[PDB]
Amino acid sequence: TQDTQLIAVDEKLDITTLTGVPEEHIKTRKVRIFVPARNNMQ
Amino acid sequence: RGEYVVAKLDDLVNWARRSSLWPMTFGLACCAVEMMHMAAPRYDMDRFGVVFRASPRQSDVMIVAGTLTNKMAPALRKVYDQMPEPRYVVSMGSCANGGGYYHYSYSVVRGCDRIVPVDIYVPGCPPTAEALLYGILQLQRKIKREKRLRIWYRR
Amino acid sequence: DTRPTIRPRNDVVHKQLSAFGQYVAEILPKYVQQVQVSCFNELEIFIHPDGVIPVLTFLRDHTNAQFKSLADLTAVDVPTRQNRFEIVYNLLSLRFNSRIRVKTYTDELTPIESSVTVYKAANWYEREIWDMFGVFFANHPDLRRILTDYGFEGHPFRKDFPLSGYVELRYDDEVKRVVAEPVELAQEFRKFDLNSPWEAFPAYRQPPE
Amino acid sequence: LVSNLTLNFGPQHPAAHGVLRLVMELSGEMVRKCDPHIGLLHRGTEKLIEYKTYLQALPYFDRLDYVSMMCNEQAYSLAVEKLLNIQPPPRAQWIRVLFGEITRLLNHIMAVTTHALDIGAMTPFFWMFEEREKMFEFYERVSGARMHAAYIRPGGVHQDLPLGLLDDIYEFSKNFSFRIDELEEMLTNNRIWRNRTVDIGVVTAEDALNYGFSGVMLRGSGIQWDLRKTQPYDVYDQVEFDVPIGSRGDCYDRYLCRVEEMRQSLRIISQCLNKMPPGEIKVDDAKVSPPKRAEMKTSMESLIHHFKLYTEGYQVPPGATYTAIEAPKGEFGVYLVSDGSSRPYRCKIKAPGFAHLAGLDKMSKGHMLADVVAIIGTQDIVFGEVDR
Amino acid sequence: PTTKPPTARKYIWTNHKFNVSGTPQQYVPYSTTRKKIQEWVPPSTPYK
Amino acid sequence: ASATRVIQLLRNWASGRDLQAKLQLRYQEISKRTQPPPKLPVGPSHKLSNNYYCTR
Amino acid sequence: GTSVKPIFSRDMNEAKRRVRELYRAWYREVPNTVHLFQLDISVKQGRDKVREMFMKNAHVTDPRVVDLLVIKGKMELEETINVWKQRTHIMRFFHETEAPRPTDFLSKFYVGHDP
Amino acid sequence: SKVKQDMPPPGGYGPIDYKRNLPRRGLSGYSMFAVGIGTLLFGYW
Amino acid sequence: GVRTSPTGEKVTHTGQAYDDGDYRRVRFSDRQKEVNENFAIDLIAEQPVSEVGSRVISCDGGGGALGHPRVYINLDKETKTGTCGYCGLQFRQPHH
Amino acid sequence: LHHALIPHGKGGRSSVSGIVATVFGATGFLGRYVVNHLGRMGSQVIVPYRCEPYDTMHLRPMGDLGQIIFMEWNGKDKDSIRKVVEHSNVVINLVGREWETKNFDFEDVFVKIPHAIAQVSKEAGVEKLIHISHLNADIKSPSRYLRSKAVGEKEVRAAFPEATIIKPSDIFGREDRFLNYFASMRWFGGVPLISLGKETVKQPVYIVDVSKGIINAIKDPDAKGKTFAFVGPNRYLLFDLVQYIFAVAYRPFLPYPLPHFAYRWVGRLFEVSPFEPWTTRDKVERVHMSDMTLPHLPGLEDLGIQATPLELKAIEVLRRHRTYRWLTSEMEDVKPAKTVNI
Amino acid sequence: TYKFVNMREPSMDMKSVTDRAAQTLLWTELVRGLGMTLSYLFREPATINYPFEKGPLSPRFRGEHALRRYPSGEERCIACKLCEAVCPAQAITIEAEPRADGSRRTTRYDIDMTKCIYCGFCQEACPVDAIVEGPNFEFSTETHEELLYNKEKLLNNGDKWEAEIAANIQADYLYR
Ligand SMILES: NC(=O)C1=CN([C@@H]2O[C@H](COP(=O)(O)OP(=O)(O)OC[C@H]3O[C@@H](n4cnc5c(N)ncnc54)[C@H](OP(=O)(O)O)[C@@H]3O)[C@@H](O)[C@H]2O)C=CC1
Ligand code: SF4
Ligand code: SF4
Ligand code: SF4
Ligand SMILES: [Zn+2]
């Protein structure tokens, strides 16, 4: 689609080695993906 | 007894050391300009014998005037080490005291006292030139009450 | 003007900037994806990342543009986009007393072209974008850290970088030097949930999913 | 045997304008390249602002260019007000212009006197720092702080001028030109000062434009450009003044430009004193500017709005702006992104000193080591805004 | 204060104190809140 | 302002200007440190009618 | 699109070639770093540290990630060669002050709640 | 009661000088060279 | 009133005092524990109750704009007193 | 555990280690390292000092805010010991002096002061006492120092039977008075040694090993009532050791056999100095003596520590004694000295 | 409008050239500089005799913090936490609960004075004039710990400085 020398790459993007995050805070963390509940007060 | 002579000699040396407190201009941030305002004619830090000094080899007190960053801390410790003794550190402003506005930053050391021992903590953001002058006179009164020769006489 | 509180709207400049945006889009269809004018009369040109040098050179050199000054070059991190990084060029035309904004996009692994050949001012801005966001700039004369400590790991201005980072610095008397340790806070930063559960601006309401 | 002295140091040096590591190699006596190493005062200001409410982020701008506090907060206030689609009241605008010119006097005094002190003329520093102390008194009388007023806010200014402040500002300004005269009696015609500034750090006008220079670094090279005139803000279009223009683009021309800018600042200050209008000093819209404390303690709506403005803050409509002012050090701007909430999504700060110090290597070409001290002084550099 | 004396309050210090830093009268910080979690105390009577 | 006539003349001559009319030290010309109480005006929307917030 | 543009290397072998060049440069630099910074470590220790830093990223398969790792490694090498780093910066690869953290389940259970 | 805020005086403030004022002082170069020459002449005599 | 702990430590107005086994008392040794001796609860307890003759009374804390947000207090309960929720002043209808 | 003494955090500066330690002798060589190791993990450190408070300033950045507390104390006063000891759960005794003064002889600092600290700590109810005697301590020693060290071990075990006695050998470090002592002999020409040092064998130990061993003995529940010998990994003949010291410092090494009696006269002459004598008769005796072997004692490896060799940490001590000619030389340009083993 | 700062060409006649030659050889502008310094030597210095004389301040001056009371002695703070919410540096830590008499009062009120930027936002946010920045500016300490203020410390500051704090507030509250 453009002259950028398209190079074949796997579809498992992994930027962990470039984020600078210490290794403890990658494998041992567990993130939660959610839509926050409505605050029942309002 | 012979403790009177030692007390008098200590008094003399501590009067000479606080009457010629030569500080080192460590102006990192906004606190630097209030310190040169304490330098300015209105307060005239030179009238107390507190001169405008130069390379740490002739400095008696370090004034940490401004934010200390992680990139900058090794240089501050280096020049602190290069000061001949006796040497004192005055932490001026919230940033130098405990991090201040930038306490929760990735690049700011939370207080210069993590890097050097600090004698006087001057609060304010910035402390007024009068507040810094009060801290300097308080440091002078700290020096007046040292008992180095009396400590030695009872060893 | 019986509205002393509302900011006055200037429609002449809005029309002028609209016409110039049409002009720029027509001259460079190959790279211009979108052009828009804000309600406070600021013109933005959205471009493909390939068109950075062509569009910037056109805006600098065209006799009807003459945007000789690079006011600012920064990046914006938007994690919810696959191209998370938004590269923003702010340009000023002294000849026509006008300003223009040029924006493109990139991700963590695609290099943006260095624009130091267009503006010499871009040398430190691109280093700062690389330092704080991790965006690589191909053909940069000297790309390296500018703001962060030597050997600093990570890119702090990314939205997923923690506010206090990962390491602290202190002087250690055993090893006689300043050392780095994992960050511990005697008082952790207190997260505030401030957003109101009621919609403030209906005119910006996104259509429902 | 190429052993070009790579003296890559000098942060503790008193002439380092605070904190600056200079990596320098010399072909004998003359400078071959300059490599400024900055970040020694990078405090993550732009990231911290993302965790602060719009009001909570205002004091951060006092500490960017900590010689020009009120100008920085004026620029930030203008950006936030543009995003909010609100207008500050006329009296607030006149106060903002008056204190911006007072701030320009403060900054120019600091710049010129520290430049001279670095060159070796220590005496003018004290004479003018007395005037700086008096202007600090004006700052403190209006806000309670000598430097970091936090006085100019999105919507206007925090509180009104105290009674008798205009009289004291008039008393100060009517004598200040005599101090500029004494400063010039020591520097302008001195054959040693000119020997240290004439034809030193010459920058071409086109090359100044392409390097992103602004302010005096532009008008030193003869470029006729000033934001206060071409793109006026507040009530600057209603005030009359002159834009001093250089001819040789060297340190001496820039020094003359700064001195004449002090004179024109006095000229603007006179009109601000004579044309200060009555009225309120913040926008009469309690969903942006907090109500008066008397109304807060009496009226339900005022109490609610005080509570919400001081806990959540006002929501800014989504959008991005780049607004710039003619700061005393050049063009100071902010690229402020709003996502619609009460906290800025992104706040990039444009500081003229960043681009100016990026050009130190270019301007120091073929100059001695002592000339780099002058070139740094002529680009007046505060690393609080260089590093942010 | 001779011509315009301050308003009398019964809680205002009647004796001004200077900066007592570096003296045994110096202020030392402490937590002013009470303990949050109460532990279970075992019975003093043995089960056997 | 306490300087003698001769000293004033010497410093006026040395500076080349009459510096006694533009002294850098402040004197009784300053405003009193105690001022009368102010009475600040209200904004344009301090009205009882014709003031709906949707119109401003 | 389906494919992406490279940083430098159009393939994994090119990325490996640049990795080897960077490894060579670092390996030769280590003795000069030990001498110049007056480090209290041995050249074997420093070169083993260089190798262990390289071995952290051995699992990387994306040539663009490898290219960016090489770019950052060359940046670090230039900070070391030009003596922009201090001794404290060079010595931060060796976490001499940090205590040995537990690794087995039992000790981690004893000292706290972290997994 | 009427409003009372910090205001300019009813007649406005007096003019403030801002323009450069470096006075002309001294003798011409001819006078200086004549004096310098005559001084040397009398010294020699 | 400000009392004493069994260890002799002074008890603040929030009721804080370290127990006899708390090592943190070492911070006060060769020093002092800073305690404000004006307990606001005991001070507001000393104020009389105003006998205002209305069902609803208003209190702004005294001094007008220098007090607290003006509030209105109902005085219909004849067993309780109506007290201000800002400054603690108490009000009651005359002699029931 | 008291509720405020429960460990929290991750072992960093802002953590809580559950340790409240009074470190007698914290202002000395060994003291600055155990104080640093205690403040590293977030311990409450009580520092008794008799020196000028200026001399305790290097310990202030060693711990988080409030975690290092400085208090005046008098070695000849039990009330001061009680005051600085009341709230601690571990007491570390590090006070000592390599010379007698007009007010404190070896019996005072090695017998009376440790016994007072042990007895006051037992009375106040501190759970742990760590006492630092010498490896070579001997009731029939030629040295007053070591005879008093033996007497003090007896007295400390009598007053505080659960105490952990630690017996290091000659500790070396950046301010050790062991490597610096031998490296300071270049000022008097050559290096005088009794019997040329060919009969003395030393087993020096590294300061960080001693400090980490003290910390580990604090944390180890099976160190009560125990006696430890903190020796280094290698034994050296004194001639070989001093030769290696001078080779690392790059100073010329020309020893000569000063006899014992002349060396004692030399030491007696130096005792006249009223400021930190350069050497003494007692130091002359203890340098010439060989370190004992006590295989029956647990050591630094029974606390989980690998002893650091001298040939690894000697450059960080001796690089200060090198001239400008050899200031920037690697640690391996000098081959390790010959080791005598058992 | 603009003006030129260095666009004057020197005159090239006998008298002007001789004027410049005399200025070159006889150092006349250097003598003008010496005259300016000599004139400053005979001027009264602007120095004040600190601490016996003090720099002038205003009622708005923002110094050491204090917690205030009503004339009844009751605290003003009703623990709304507005100051803690608005604090730019997050220097204010607050815990509250119902008091034994039912009042809404703080049990913790800490200000990290080394985190504080002394902006005065807390006293603006406060609806009851409870937290203020007082006039005191001479409170330097010899240790870091004495700058981490307590509720007791701040209340003692209020009792210490209320006499002049109240006068300052009366002087400036009509501007607020
Ligand atoms: N260093 C070694 O090679 C060996 C050391 N040890 C033992 O290790 C311990 C620590 O040694 P180290 O740190 O090197 O010794 P230092 O001499 O360097 O420090 C001794 C400490 O004891 C204090 N002290 C000494 N005498 C008195 C006294 N009379 N009253 C009060 N305090 C006093 C000192 O306080 P101040 O500084 O104020 O005088 C200082 O804190 C000692 O018990 C020592 O005998 C055992 C074997 C070998
Ligand atoms: S304490 Fe305040 S004034 Fe001082 S350097 Fe920090 S931010 Fe600037
Ligand atoms: S003055 Fe500002 S920074 Fe300090 S406590 Fe108040 S709101 Fe926070
Ligand atoms: S001090 Fe004022 S703002 Fe802060 S919690 Fe108390 S009442 Fe609210
Ligand atoms: Zn009330």
# chains A, B, ... in the order shown; residues from 1 in each chain; ligands from 1
>>> residues_near_ligand(ligand="ligand 4", cutoff="12 Å", atoms="only C-alpha atoms and all ligand atoms", output="PyMOL selection string")
(chain D and resi 306-307+310-311) or (chain I and resi 67-69+86-87) or (chain K and resi 65-69+75-87+91-97+104-111+120-133+151+154-155+158)
>>> write_last_selection(atoms="C-alpha atoms", output="compact mmCIF listing (two decimals), in the first residue's frame")
# COMPACT_ATOMS: atom_id res chain seq x y z
CA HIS D 306 -17.39 26.85 45.66
CA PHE D 307 -17.42 23.23 46.84
CA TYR D 310 -12.41 23.53 44.85
CA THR D 311 -12.84 19.73 44.83
CA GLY I 67 -18.06 33.07 60.38
CA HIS I 68 -19.39 29.98 58.62
CA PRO I 69 -22.03 29.36 55.92
CA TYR I 86 -20.74 24.31 62.09
CA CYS I 87 -19.68 25.95 65.37
CA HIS K 65 -0.05 27.46 58.55
CA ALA K 66 -2.44 27.51 61.50
CA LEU K 67 -5.80 26.07 62.51
CA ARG K 68 -8.25 28.61 63.92
CA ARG K 69 -11.14 28.63 66.38
CA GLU K 75 -12.50 24.64 66.29
CA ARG K 76 -13.54 26.05 62.94
CA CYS K 77 -12.56 22.97 60.93
CA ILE K 78 -15.54 20.73 60.23
CA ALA K 79 -13.43 18.28 58.21
CA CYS K 80 -15.02 18.93 54.81
CA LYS K 81 -11.62 18.01 53.25
CA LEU K 82 -11.86 20.80 50.65
CA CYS K 83 -8.32 21.95 51.45
CA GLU K 84 -7.04 18.39 51.09
CA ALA K 85 -8.89 18.02 47.77
CA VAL K 86 -7.51 21.27 46.33
CA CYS K 87 -3.96 20.98 47.72
CA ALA K 91 0.49 18.13 51.45
CA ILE K 92 -2.70 17.86 53.56
CA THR K 93 -3.70 14.56 55.17
CA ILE K 94 -7.05 14.41 56.96
CA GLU K 95 -8.93 11.80 58.96
CA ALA K 96 -12.24 12.56 60.65
CA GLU K 97 -15.07 10.95 62.62
CA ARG K 104 -17.93 16.66 62.72
CA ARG K 105 -14.26 17.09 63.61
CA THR K 106 -10.87 15.91 62.39
CA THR K 107 -8.85 13.25 64.16
CA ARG K 108 -5.87 13.67 61.81
CA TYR K 109 -4.81 16.95 60.20
CA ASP K 110 -1.25 16.81 58.86
CA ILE K 111 0.56 19.25 56.58
CA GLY K 120 -2.60 29.45 49.88
CA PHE K 121 -5.17 27.37 47.98
CA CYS K 122 -6.18 25.63 51.23
CA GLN K 123 -7.26 28.87 52.90
CA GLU K 124 -9.16 29.85 49.75
CA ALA K 125 -11.01 26.52 49.64
CA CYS K 126 -11.86 26.55 53.35
CA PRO K 127 -15.51 27.62 53.88
CA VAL K 128 -15.06 28.51 57.57
CA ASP K 129 -11.62 30.18 57.63
CA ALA K 130 -10.25 27.23 59.61
CA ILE K 131 -6.95 26.64 57.80
CA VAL K 132 -4.92 29.78 57.08
CA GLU K 133 -1.38 30.71 56.14
CA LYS K 151 -3.08 18.62 64.23
CA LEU K 154 -1.23 23.39 63.77
CA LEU K 155 -3.69 24.13 66.59
CA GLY K 158 -3.32 28.94 65.67
>>> closest_atom_pairs(of="chain D", to="ligand 2", cutoff="9 Å", atoms="only C-alpha atoms and all ligand atoms", output="JSON lines")
{"residue": "D:60", "atom": "CA", "partner": "ligand 2", "partner_atom_place_in_ligand_line": "7 (S)", "distance": 8.1}
{"residue": "D:62", "atom": "CA", "partner": "ligand 2", "partner_atom_place_in_ligand_line": "7 (S)", "distance": 8.4}
{"residue": "D:63", "atom": "CA", "partner": "ligand 2", "partner_atom_place_in_ligand_line": "8 (Fe)", "distance": 5.5}
{"residue": "D:64", "atom": "CA", "partner": "ligand 2", "partner_atom_place_in_ligand_line": "8 (Fe)", "distance": 8.5}
{"residue": "D:66", "atom": "CA", "partner": "ligand 2", "partner_atom_place_in_ligand_line": "8 (Fe)", "distance": 7.2}
{"residue": "D:147", "atom": "CA", "partner": "ligand 2", "partner_atom_place_in_ligand_line": "3 (S)", "distance": 7.8}
{"residue": "D:148", "atom": "CA", "partner": "ligand 2", "partner_atom_place_in_ligand_line": "3 (S)", "distance": 7.3}
{"residue": "D:384", "atom": "CA", "partner": "ligand 2", "partner_atom_place_in_ligand_line": "8 (Fe)", "distance": 8.5}
>>> atom_distance(atom1="atom CA of residue J:293", atom2="atom CA of residue J:99")
25.3 Å
>>> closest_residue(among="C:123, C:10, C:34, C:196", to="chain A", atoms="only C-alpha atoms")
C:196
>>> residues_around(residues="stretch 188-195 of chain C", least_positions_apart="6", cutoff="7 Å", atoms="only C-alpha atoms", output="number ranges by chain")
B: 104; D: 312, 341-342
>>> interface_residues(of="chain D", to="chain C", cutoff="7 Å", atoms="only C-alpha atoms", output="ChimeraX atom specification")
/D:38-39,42,47,82,85-87,209-212,230,283-284,312,317,341-342,346,348,350,355,358,387
>>> atom_distance(atom1="atom CA of residue B:107", atom2="atom CA of residue B:67")
10.3 Å
>>> residues_around(residues="residue F:1", least_positions_apart="5", cutoff="12 Å", atoms="only C-alpha atoms", output="number ranges by chain")
F: 7-8, 19-28; K: 42-45
>>> interface_residues(of="chain J", to="chain I", cutoff="9 Å", atoms="only C-alpha atoms", output="MDAnalysis selection string")
chainID J and resid 2:5 20 44 46 66 69 71:72 83:84 86:89
>>> select_by_dssp(residues="stretch 38-73 of chain C", states="strand (DSSP E or B)", output="ChimeraX atom specification")
/C:43-47,69-73
>>> atom_distance(atom1="atom CA of residue I:35", atom2="atom CA of residue J:63")
26.6 Å
>>> residues_around(residues="residue A:2", least_positions_apart="2", cutoff="12 Å", atoms="only C-alpha atoms", output="ChimeraX atom specification")
/A:4-6 /C:30-31,48-51 /G:1-5
>>> select_by_dssp(residues="chain C", states="alpha helix (DSSP H)", output="PyMOL selection string")
chain C and resi 11-27+52-61+122-133
>>> write_last_selection(atoms="N, CA and C atoms", output="mmCIF file, in the first residue's frame")
data_model
loop_
_atom_site.group_PDB
_atom_site.id
_atom_site.type_symbol
_atom_site.label_atom_id
_atom_site.label_comp_id
_atom_site.auth_asym_id
_atom_site.auth_seq_id
_atom_site.Cartn_x
_atom_site.Cartn_y
_atom_site.Cartn_z
ATOM 1 N N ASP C 11 -15.396 35.426 13.002
ATOM 2 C CA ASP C 11 -15.758 34.585 11.867
ATOM 3 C C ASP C 11 -14.887 34.848 10.644
ATOM 4 N N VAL C 12 -14.296 36.041 10.543
ATOM 5 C CA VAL C 12 -13.443 36.356 9.401
ATOM 6 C C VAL C 12 -12.206 35.466 9.395
ATOM 7 N N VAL C 13 -11.544 35.334 10.547
ATOM 8 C CA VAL C 13 -10.385 34.455 10.643
ATOM 9 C C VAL C 13 -10.798 33.001 10.470
ATOM 10 N N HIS C 14 -11.979 32.626 10.968
ATOM 11 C CA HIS C 14 -12.466 31.268 10.757
ATOM 12 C C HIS C 14 -12.608 30.957 9.272
ATOM 13 N N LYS C 15 -13.188 31.881 8.502
ATOM 14 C CA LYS C 15 -13.316 31.701 7.059
ATOM 15 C C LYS C 15 -11.957 31.674 6.368
ATOM 16 N N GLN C 16 -11.046 32.566 6.769
ATOM 17 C CA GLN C 16 -9.716 32.593 6.165
ATOM 18 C C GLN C 16 -8.990 31.271 6.386
ATOM 19 N N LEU C 17 -9.047 30.752 7.613
ATOM 20 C CA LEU C 17 -8.369 29.503 7.929
ATOM 21 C C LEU C 17 -9.048 28.322 7.252
ATOM 22 N N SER C 18 -10.377 28.364 7.125
ATOM 23 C CA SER C 18 -11.082 27.322 6.385
ATOM 24 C C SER C 18 -10.642 27.294 4.928
ATOM 25 N N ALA C 19 -10.557 28.468 4.297
ATOM 26 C CA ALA C 19 -10.133 28.537 2.904
ATOM 27 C C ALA C 19 -8.699 28.053 2.738
ATOM 28 N N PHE C 20 -7.804 28.444 3.650
ATOM 29 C CA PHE C 20 -6.431 27.967 3.547
ATOM 30 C C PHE C 20 -6.321 26.470 3.802
ATOM 31 N N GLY C 21 -7.167 25.914 4.673
ATOM 32 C CA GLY C 21 -7.180 24.473 4.860
ATOM 33 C C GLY C 21 -7.640 23.736 3.617
ATOM 34 N N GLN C 22 -8.679 24.255 2.956
ATOM 35 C CA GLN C 22 -9.085 23.696 1.668
ATOM 36 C C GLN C 22 -7.940 23.762 0.666
ATOM 37 N N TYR C 23 -7.254 24.906 0.622
ATOM 38 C CA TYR C 23 -6.110 25.097 -0.264
ATOM 39 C C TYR C 23 -5.037 24.039 -0.026
ATOM 40 N N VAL C 24 -4.666 23.840 1.239
ATOM 41 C CA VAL C 24 -3.616 22.888 1.585
ATOM 42 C C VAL C 24 -4.047 21.462 1.274
ATOM 43 N N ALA C 25 -5.306 21.115 1.555
ATOM 44 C CA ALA C 25 -5.787 19.774 1.240
ATOM 45 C C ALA C 25 -5.783 19.523 -0.263
ATOM 46 N N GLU C 26 -6.166 20.529 -1.054
ATOM 47 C CA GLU C 26 -6.177 20.375 -2.505
ATOM 48 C C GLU C 26 -4.772 20.240 -3.077
ATOM 49 N N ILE C 27 -3.806 20.993 -2.549
ATOM 50 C CA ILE C 27 -2.460 20.940 -3.112
ATOM 51 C C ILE C 27 -1.778 19.610 -2.795
ATOM 52 N N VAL C 52 5.271 13.737 6.327
ATOM 53 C CA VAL C 52 5.787 14.725 7.272
ATOM 54 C C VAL C 52 6.707 15.709 6.561
ATOM 55 N N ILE C 53 7.776 15.199 5.948
ATOM 56 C CA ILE C 53 8.724 16.068 5.250
ATOM 57 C C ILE C 53 8.070 16.805 4.077
ATOM 58 N N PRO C 54 7.311 16.148 3.186
ATOM 59 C CA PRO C 54 6.675 16.915 2.096
ATOM 60 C C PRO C 54 5.738 18.014 2.574
ATOM 61 N N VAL C 55 4.847 17.712 3.521
ATOM 62 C CA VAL C 55 3.885 18.708 3.990
ATOM 63 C C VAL C 55 4.599 19.843 4.716
ATOM 64 N N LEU C 56 5.551 19.503 5.589
ATOM 65 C CA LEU C 56 6.275 20.531 6.329
ATOM 66 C C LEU C 56 7.086 21.416 5.392
ATOM 67 N N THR C 57 7.746 20.815 4.398
ATOM 68 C CA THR C 57 8.516 21.591 3.436
ATOM 69 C C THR C 57 7.613 22.491 2.603
ATOM 70 N N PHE C 58 6.443 21.991 2.202
ATOM 71 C CA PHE C 58 5.501 22.828 1.468
ATOM 72 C C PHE C 58 5.056 24.016 2.309
ATOM 73 N N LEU C 59 4.720 23.772 3.576
ATOM 74 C CA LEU C 59 4.240 24.860 4.420
ATOM 75 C C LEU C 59 5.346 25.866 4.706
ATOM 76 N N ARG C 60 6.592 25.400 4.788
ATOM 77 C CA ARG C 60 7.710 26.315 4.988
ATOM 78 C C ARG C 60 7.973 27.157 3.743
ATOM 79 N N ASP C 61 7.989 26.526 2.568
ATOM 80 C CA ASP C 61 8.545 27.150 1.373
ATOM 81 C C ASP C 61 7.512 27.767 0.440
ATOM 82 N N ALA C 122 13.864 21.305 15.164
ATOM 83 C CA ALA C 122 13.338 19.978 15.463
ATOM 84 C C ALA C 122 14.359 19.063 16.126
ATOM 85 N N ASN C 123 15.635 19.457 16.169
ATOM 86 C CA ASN C 123 16.682 18.576 16.679
ATOM 87 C C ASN C 123 16.421 18.178 18.129
ATOM 88 N N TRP C 124 16.105 19.154 18.982
ATOM 89 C CA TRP C 124 15.907 18.852 20.395
ATOM 90 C C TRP C 124 14.486 18.387 20.681
ATOM 91 N N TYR C 125 13.508 18.862 19.906
ATOM 92 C CA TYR C 125 12.134 18.407 20.090
ATOM 93 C C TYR C 125 11.989 16.920 19.798
ATOM 94 N N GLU C 126 12.634 16.429 18.739
ATOM 95 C CA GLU C 126 12.552 15.010 18.417
ATOM 96 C C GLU C 126 13.298 14.165 19.440
ATOM 97 N N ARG C 127 14.430 14.666 19.942
ATOM 98 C CA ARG C 127 15.102 13.991 21.046
ATOM 99 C C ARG C 127 14.212 13.917 22.277
ATOM 100 N N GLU C 128 13.468 14.985 22.570
ATOM 101 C CA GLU C 128 12.588 14.982 23.734
ATOM 102 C C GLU C 128 11.406 14.037 23.542
ATOM 103 N N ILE C 129 10.843 13.993 22.334
ATOM 104 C CA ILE C 129 9.765 13.048 22.056
ATOM 105 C C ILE C 129 10.268 11.618 22.195
ATOM 106 N N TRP C 130 11.470 11.344 21.684
ATOM 107 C CA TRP C 130 12.057 10.020 21.849
ATOM 108 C C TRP C 130 12.287 9.699 23.322
ATOM 109 N N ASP C 131 12.745 10.688 24.088
ATOM 110 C CA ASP C 131 13.062 10.472 25.494
ATOM 111 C C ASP C 131 11.810 10.170 26.308
ATOM 112 N N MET C 132 10.751 10.953 26.115
ATOM 113 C CA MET C 132 9.582 10.862 26.978
ATOM 114 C C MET C 132 8.501 9.929 26.449
ATOM 115 N N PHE C 133 8.519 9.594 25.159
ATOM 116 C CA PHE C 133 7.508 8.736 24.565
ATOM 117 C C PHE C 133 8.073 7.519 23.851
#
>>> residues_around(residues="residue K:170", least_positions_apart="6", cutoff="12 Å", atoms="only C-alpha atoms", output="MDAnalysis selection string")
(chainID E and resid 6:7) or (chainID F and resid 34:38) or (chainID I and resid 63:67) or (chainID K and resid 59:60 129 162:164 176)
>>> interface_residues(of="chain K", to="chain E", cutoff="8 Å", atoms="only C-alpha atoms", output="VMD selection string")
chain K and resid 71 73 95 107 to 108 138 to 142 145 to 146 148 to 151 153 159 to 164 167
